[PDB]
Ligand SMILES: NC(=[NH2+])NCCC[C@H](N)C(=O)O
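Shown next as structure tokens: one chain only, the form deposited without this ligand.
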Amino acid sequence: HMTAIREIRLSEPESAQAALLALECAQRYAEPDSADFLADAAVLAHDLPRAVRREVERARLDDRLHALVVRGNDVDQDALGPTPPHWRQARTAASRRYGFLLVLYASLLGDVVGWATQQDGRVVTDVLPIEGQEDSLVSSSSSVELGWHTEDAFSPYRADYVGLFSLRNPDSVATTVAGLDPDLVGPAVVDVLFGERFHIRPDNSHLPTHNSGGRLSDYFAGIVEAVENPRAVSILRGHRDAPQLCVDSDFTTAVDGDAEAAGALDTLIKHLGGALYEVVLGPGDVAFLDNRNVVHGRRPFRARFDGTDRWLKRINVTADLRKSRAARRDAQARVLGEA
């Protein structure tokens, strides 16, 4: 589909209008995931520029979308200061405005959520290279490619959209994206991928090693259960003309003894691995990946660890907050796995 990537470039006035709204939110509320802000966010998002809201709404109802990309938001690089050396230190005063703006864009597409087992249950999370994580399989990697995956592929509560706000990307490091064309794998493999014949385990970002050590063991009980005893699940679901995709290149296996399923997974990985294409998010570019339609990753790069490194804000968006209520502490709570 020619419109699989939908791009809006902000005019200077539209950029200024989005920046002023984000700064008004920063003046009113403490954190971009403060409960009072999140309660108000869907209505505050309505004050974003009309031309932007029109294009976001076209993207939201496009069931073949790969990504909506909003180019040219204002980022004051001098005021932002250095790229933090760890996500734990990335909730900086100077970066609050970008957190608020990411939530406002996201709230046009649905309701923002976080995970108890990712970056200590923060709703606005940070993607930046960490010294000693170069060769890890998590978003803080650099030297090793971030393997392509559906975000939280293991979970029935996985996001409908993943939002990425690029604060800085001096070496133009590419995000990687792929969808599945059913006609190009054959109806034989599509039939197999629709079967509950696969195990999808949680990725390494959900491990205690990528959260603060003081976090309750019991936050991880659900993750540990999903690693040890994965449910038999499909990779494709929904309409044959527009199937949803759910797979993680590093954490998906066929069920033991299902040679036909193992073959279809092998075929899918080769198809997606090759079709995987690049989107570069420059400073002030915001992307929303349709997590029902595409896998994503990130190209390998060399981090300088001098405060100049690539830095994205990330958010998960659900079309239907109500459906995850069994996994949330209370009605307004946005952190999946607190129940």
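So that there is no doubt, residue numbering starts at 1 and follows the sequence shown.
A second form of this protein, the form deposited with this ligand bound, is not displayed here; the remarks below concern that form.
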query = Residues in which of 148-156, 224-232, 100-108, 263-271 have heavy atoms within 4.5 Å of this ligand in the entry with it bound?
reply = 148-156
note = None of 133, 249, 244, 211 but one has a heavy atom within 4.5 Å of this ligand in the entry with it bound; the exception is 249
note = Among 236, 137, 254, 90, just one has a heavy atom within 4.5 Å of this ligand in the entry with it bound, namely 137
ask   = Are all three of 118, 203 and 314 close to this ligand in the entry with it bound, meaning a heavy atom of each within 4.5 Å?
value = yes
